[PDB]
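Chemist: Just the starting chains for now, same placement as in the complex:
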Amino acid sequence: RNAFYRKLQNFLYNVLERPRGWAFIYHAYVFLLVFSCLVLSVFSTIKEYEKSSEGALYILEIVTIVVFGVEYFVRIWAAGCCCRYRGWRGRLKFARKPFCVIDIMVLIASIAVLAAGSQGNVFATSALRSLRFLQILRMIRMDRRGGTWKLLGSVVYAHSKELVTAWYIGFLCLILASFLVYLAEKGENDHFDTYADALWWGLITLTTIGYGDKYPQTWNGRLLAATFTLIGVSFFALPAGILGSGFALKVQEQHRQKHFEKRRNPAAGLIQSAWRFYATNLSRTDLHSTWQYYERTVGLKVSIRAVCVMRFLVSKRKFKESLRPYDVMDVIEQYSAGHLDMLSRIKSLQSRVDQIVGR
Amino acid sequence: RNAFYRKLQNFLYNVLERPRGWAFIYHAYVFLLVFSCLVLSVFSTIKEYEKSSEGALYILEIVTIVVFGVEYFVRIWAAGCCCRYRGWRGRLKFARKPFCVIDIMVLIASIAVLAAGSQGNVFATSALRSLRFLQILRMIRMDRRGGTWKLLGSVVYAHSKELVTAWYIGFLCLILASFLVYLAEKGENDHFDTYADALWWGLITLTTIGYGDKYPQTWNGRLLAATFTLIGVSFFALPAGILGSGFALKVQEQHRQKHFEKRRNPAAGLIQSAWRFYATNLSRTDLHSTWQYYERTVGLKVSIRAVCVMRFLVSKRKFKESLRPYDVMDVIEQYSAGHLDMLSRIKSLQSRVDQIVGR
């Protein structure tokens, strides 16, 4: 069943590499399993629940090594589906991907720690640390693309000036308020023994964590703390609000722009122009016969080649400016072109009717 | 008074099912009553205020069973107003609605617990649990449509990628900061006895709850806690800001789009086309006489039917693309069509004036 085999392999590749829709379910399950393991590892640290947590953790470690090995082999097969990695050499080339090699390294580490535990020589602390680190490593691997980091960095850089303003003003407010409260309390309050303690109090207050170990206990200390916290809490909360609003606005703008679509025209122009520019052959029976057709519509050889490259070049630029269309640029440029065109045609109407009057 | 009876029944149905405006007041009152009951139930748990709270709770339980029964009967009558549930069978069909059956089940449970309390055999704990659960059930019933859940899910899915980025980065920051502070403190601080305690501290800090039971007490622990919290608090606060900004932007976009309106044209076209397509009868005295009129304006039978269905089909599509008009799609498509039309007519002007010059 060649068709069935290809269809199944493509389906598995889509699920394991490009989970557009319901495929995410599977990934979630895997994450859950991994996450569950992590939680068990935490329970393994506690000495009270050592036995049951250790047993469940070993069972889940066996299950997860099995699942990860099966997934890795199936992912090798799926990458085999992709033309970029067709054949044994292509699959090996795919397996050199940094995330794939990281995953296989984690798998080998897990099987190795299990085997060492079977041996018994390996200390329990070593195995626990190893398994915890492998679990977090697969957690990181879940991204597999760096999409979250890239998005966060993009939004942070977009609001770099505003974030820096928030950080700078909040830092100045923290320093000033901590110093003033330190002066107010100093010896009166045991909490504010040293300026380092005052800075710790200020950081824990303006962030609104408010542990309660440190807090002013004098009338002037409390007065200054009130006046300064009323603004410092907002300053320290600013970055979260700025980033959240930026994320929401970016989501809105994307849901508009990527929902525009209506593209691939410059890409089609590129395909045509590359085809014609490759066709500029040495008078062989290939498309250069179509080039003789093209020149028929009209030494001359060079001009033909020239024009082909020209379309190629121009097409390139179009796609380059059409890769990420901007609504404001599109609308402004189209309005300018259209209105200028209509005005020019109207003036042509005036000239033509004037000559008609002359006629 | 047929007119008066119909008007009153419609008014009650609107109040109890489609509370557009002032009708909400009534619902609020009901909620308040239910909410009040809930609060009393809480006071019933405390052993100090058992007597007074129990007496007031019994009085309010009688009042609320009475009110809910009256409301249920009046709601059955109101649904009777609706044509979909006209007649005894229609009203019974209405009563099968999941929320209606849930409400009647809650009513029976409340009357049953009251009767059991009258009997005295039922234990007080059973009655208290029953009444608390029925109260929360009616609280959930207040929605009656799942609107809140649907809206929250829609906004969450819209920002699924941003929310996942926030969760992932915050989780990584929590794990890293908790582990580093655990290493810094470990044995020096009694609070951070085990890594589970460190994780609890990290969760309570980055969320800014800051209970105060756990907090670093070492110079390196406090330094790392400061550096990591300064960013972790923002990361954990991100989701609230993202969701709030998304909600506000959605409200703005809705207050624009639903404020557009200017629709029902495709719906009217659909009505006309369905009427004409039904009219394609077997040469009877019905609209098919109007079909003879339509064909008069021009074997042929099929074409008539064809064209009728055709309008139907196109009408359908129009309404489908006019159900939820998008400002950007509307504006872009209308601009393209209008400018292209004007340009084509201008070129027609050029051709016609050229031939006039020829004439």
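Modeler: Perfect, I can see it now. Residues are numbered from 1 along each chain as shown, chains lettered A, B, ... in the order given.
Chemist: Please identify the helix or strand for the residue of the stretch 101-250 of chain A found nearest chain B.
Modeler: Nearest residue of the stretch 101-250 of chain A to chain B (C-beta to the nearest C-beta) works out as residue A:244 at 2.4 Å. Every residue, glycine included, has its C-beta placed from N, CA and C. Following DSSP states H and E, one finds residue A:244 within helix A:219-260.
Chemist: Tell me which helix or strand comes right after that helix.
Modeler: On the C-terminal side of helix A:219-260, the closest following helix or strand by DSSP H and E is helix A:265-278.
Chemist: near chain B at all, that next one?
Modeler: No. Legend: contact between helix A:265-278 and chain B by C-beta under 8 Å from any C-beta of the partner chain is lacking; minimum distance shown is 13.3 Å.
Chemist: residue contacts, the residue nearest to the residue of the stretch 101-250 of chain A closest to chain B when sequence neighbours are not counted?
Modeler: Distances taken as C-beta to C-beta, 6 or more residues apart in numbering or on different chains place residue B:241 nearest to residue A:244, at 2.4 Å, with adjacent residues excluded. Each residue near residue B:241 by C-beta atoms under 8 Å, 6 or more residues apart in numbering or on different chains is listed here: A:240-241, A:243-245, A:247.
Chemist: let's bring in chain C now:
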Amino acid sequence: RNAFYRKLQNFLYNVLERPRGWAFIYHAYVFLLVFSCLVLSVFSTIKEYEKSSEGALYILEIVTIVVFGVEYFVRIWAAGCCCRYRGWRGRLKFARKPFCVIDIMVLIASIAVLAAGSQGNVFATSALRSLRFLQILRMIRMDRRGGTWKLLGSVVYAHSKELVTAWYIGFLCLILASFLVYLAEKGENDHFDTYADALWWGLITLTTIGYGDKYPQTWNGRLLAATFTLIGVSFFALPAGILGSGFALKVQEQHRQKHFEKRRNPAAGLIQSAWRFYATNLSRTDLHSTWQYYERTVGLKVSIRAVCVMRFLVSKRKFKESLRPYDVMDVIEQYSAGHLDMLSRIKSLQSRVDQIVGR
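Modeler: Chain C goes in next, on the same frame as the chains above:
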């Protein structure tokens, strides 16, 4: 100096009633003074700082009664400037304004409490409560228009559905998490003695206040608290973010719309139409001579009156739809009208050129 007196009176009226710009400075000072008094009143409650705070409070009370009396008299004079309150009867009419009568009542109460303190019979508690309440009353009076309340209510109603979703989901999460943690801890933890205590803990946690008196101390309690808080904190923080984003979007939309301006055309039309409709007199030497002029441009009397009222009526509607212009409505309607007009004129071009060909 009639001109100087009128100019000064207008300047004081603008400062005291319509503080557009730098005038706000003065108001701020007054607020500061009032606020200072309030703070002193707080220090008066403390028994340790009774003497100095009482002395400063009495001095500031004398100062503030003097300032408020001077301001009230000058405000009477300023309202006298306004034509609406010209003359003694006009000033008395202005003085019936609820905020003015509230201010004079507060002034009388302050002078009365000062006189009673001079007498000595009045108990200190009575005077302290009186002065605190008068201070808060003037603080409320600072608004003088209800602008803050109106703006907050407008933004809240705009996002009524989203806010209700946030409240409902957060309430359900609070109830569920509190009950689950109560079950987990119950007797193990002294904090969660009763479900009321669990509800208090849940409210103080999800709001992120985190006092620290209540907190889970069991493995299952802490696990459930983590899972539920991770979402409850965001749900409870939602309303602040929603309102803030709504306020920012409203500010943006206002800074666009009110910055449009370009109006008063329908208002001018209203002025003209009202002038002409009043002019429809009983054939007297007033504008009805201009009505004879108007009818000259053409029993007939009624038509004249008709048309005048007609302009009036239409003018009204225009101003009514031009009071709060909407950018989207303006742009969409102007685009529709303009493109339809151009298309119709283009078809007129086609018809005229066709007949020219015929000619």
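Chemist: back to the contacts of residue B:241, now that we've got chain C?
Modeler: With C-beta under 8 Å, 6+ apart, residue B:241 has these contacts: A:240-241, A:243-245, A:247, C:241.
Chemist: And the strands in the stretch 51-200 of chain A?
Modeler: In the stretch 51-200 of chain A, no strands are defined using DSSP state E, counting those that start in this stretch.
Chemist: How about whichever residue of it sits closest to chain C, nearest residue that isn't a chain neighbour?
Modeler: Nearest residue of the stretch 51-200 of chain A to chain C, counting by C-beta to the nearest C-beta: residue A:53, 10.3 Å away. Distances taken as C-beta to C-beta, 6+ apart put residue A:43 closest to residue A:53, at 3.8 Å, once the chain neighbours are dropped.
Chemist: so which strand or helix has the one you found?
Modeler: Here residue A:43 is assigned to helix A:23-45, by DSSP H and E.
Chemist: What residues of that helix count as buried?
Modeler: By 16 or more other C-beta atoms under 10 Å in any protein chain shown, the buried positions in helix A:23-45 come out as A:23, A:30, A:33-45.
Chemist: Kindly report the same for stretch A:338-355.
Modeler: Those would be A:338, A:345, A:352, for stretch A:338-355 by 16+ other C-beta under 10 Å.
Chemist: Append chain D to the structure above:
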Amino acid sequence: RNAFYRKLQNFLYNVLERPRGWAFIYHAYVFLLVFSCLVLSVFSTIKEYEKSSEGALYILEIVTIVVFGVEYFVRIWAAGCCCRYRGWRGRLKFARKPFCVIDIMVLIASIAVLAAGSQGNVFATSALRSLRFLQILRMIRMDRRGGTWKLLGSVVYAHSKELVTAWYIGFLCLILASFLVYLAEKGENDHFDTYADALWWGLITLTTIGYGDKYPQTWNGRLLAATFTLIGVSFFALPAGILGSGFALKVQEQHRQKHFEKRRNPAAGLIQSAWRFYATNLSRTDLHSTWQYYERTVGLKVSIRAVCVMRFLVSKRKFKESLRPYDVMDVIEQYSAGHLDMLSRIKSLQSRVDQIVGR
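Modeler: Adding chain D to the chains above:
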């Protein structure tokens, strides 16, 4: 190497004064160094880590004085590159800049405190305070332009009304809730001894700091605290959300507007008009020969001068309205002009075709 020297001097000036891109790296490093020093200063306050922190602080102080001196001299050289400060007098004029004089004062203070420490007479407290204040002074100097303060003030003023609404409503809620909880608890709870304590509790609660020293312990106190905090926390969190959303919206609007660009046309017109208006000379061999050319295209002298100034004036205005183009103003005005122009030309078409019919 004149070219090499000029290029290097310009590169250093750009890095030290206009760090557009990668140059920021250097600044960051400097900040880090300064920041590191600050942290060491904090460790110097603690008596336990006095020795090591003092040694590292002295080493870093020597390093930072060296770096700041080198940077100041190189910045003098760089400002020398700028034409505004060419020559010795120009460099001296640049050195009078307030930030430059502040920096040199800080440098002198640092070298002076180091020399005094070498002498040993200066008390350790004096040196520590001096170095801490100099460190914060350079931290402030990092801005060098007041950009953060200006941006924050702009956004705050933009949302002045909304922020004032938030502050006012939150203040009223704080006062009311604190007073009600004070009445509820008063003598029952030791925490709420006096109304000042109640106000402190209310401030620490509504801000969500929640130290835990103060918290209600009575049924009515807790009930009122719940009802009032549920709204007060949101009111106090509002300003952060409002400012964050405003910052994000401002970033979006800027990333649109400043990304428009397509300007310098009015600036070019201004340059031309200034050139021509200067050219209106006393009939000398300068551009006034070009003025004879200009008048050739046509006592008359004045008109020439008139028209030149006129372009100047009009050019000025254009640039003034083109300095900060607004998308809404640009689009609305261009639409009005274009549509009115097309309509007028269409009516010209109607008139011309009518006369052609007459012809």
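Chemist: Could you re-examine the contacts of residue B:241 with chain D now present?
Modeler: Residue B:241 is in contact with A:240-241, A:243-245, A:247, C:241, D:241, D:244, counting by C-beta under 8 Å, 6+ apart.
Chemist: Residue A:146: neighbouring residues, count only.
Modeler: Other residues lying near residue A:146 total 11 when counted by other C-beta atoms under 10 Å in any protein chain shown.
Chemist: follow-up on the earlier one: between the helix holding residue A:244 and helix C:219-260, how big is the angle?
Modeler: Calculated by axes from the mean of the first three to the mean of the last three C-alpha atoms, to 10 degrees, helix A:219-260 forms an angle of 70 degrees with helix C:219-260.
Chemist: Determine how far helix A:219-260 lies from the middle of the whole chain.
Modeler: Relative to its chain's centre, helix A:219-260 lies at 22 Å (C-alpha atoms, centre = their mean, to the nearest Å).
Chemist: Got phi/psi on the nearest residue to residue A:281 once chain neighbours are set aside?
Modeler: Of all residues beyond its chain neighbours, the one nearest residue A:281 is residue A:288 (4.1 Å), with distances taken as C-beta to C-beta, 6+ apart. Backbone geometry at residue A:288, expressed as degrees, to the nearest 10, gives phi -60, psi -20.
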